[PDB]
Amino acid sequence: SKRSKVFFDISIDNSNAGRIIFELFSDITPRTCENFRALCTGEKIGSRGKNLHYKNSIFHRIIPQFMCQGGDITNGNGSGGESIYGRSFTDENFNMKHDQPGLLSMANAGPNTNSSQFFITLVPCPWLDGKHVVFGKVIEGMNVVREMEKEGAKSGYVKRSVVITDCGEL
Amino acid sequence: XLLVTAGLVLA
């Protein structure tokens, strides 16, 4: 259809937690969604010679009652990341807001610095509206997201391994 | 505080 459908199979503490299925707002933020979709299928090659892929990447920062962050496919700690458009790409638009849990939004390091890192909201995050591009939402597997929330801490550090064991487009 | 950044995470 108009909007792409992608998924993450999540492993927590080396144990399958289930699948998260996302609906990408391809009709509102095409460039942003295409980047995420391509990173789920691993169809593009990065600047390091490896194909950009969320498979086996981890959720390095989870803060209960805030959000789950991942996508650092280069360093796995937040300092890295890479998009199919290069180290970073411009903010498409901020039409969609973080008005509810289960939203897929781009993490960044200030204006126009989107790469591969993203976060899934656990509550409404109004203070991020206009600063982070919301490009999708969870349509199935919110229980898995809640399972991940359980692994976070106020510091954000994730004591037990939260990994994406598989991913792709549906 | 509560932000989602890539590299210098602040309060």
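Every read-out reported here was derived from the displayed coordinates using simple, explicitly stated rules and does not represent laboratory data. Every residue, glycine among them, receives a Cβ derived from its backbone with ideal geometry; neighbour counts consider all protein chains shown.
Structure data summary
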read-out: Residue-averaged beta-carbon neighbours from other chains (10 angstrom radius) around A:73-80; value: 2
read-out: Burial ranking of peptide ranges A:81-91, A:20-30 (average Cβ count within 10 Å, highest at the top); value: A:20-30, A:81-91
read-out: In Å, descending, principal axis extents of the Cα set of the protein assembly as shown; value: 32, 32, 32
read-out: Dipole-positive endmost among A:141, A:52, A:65 within the protein assembly as shown (Cβ charges, Cα centre); value: A:52
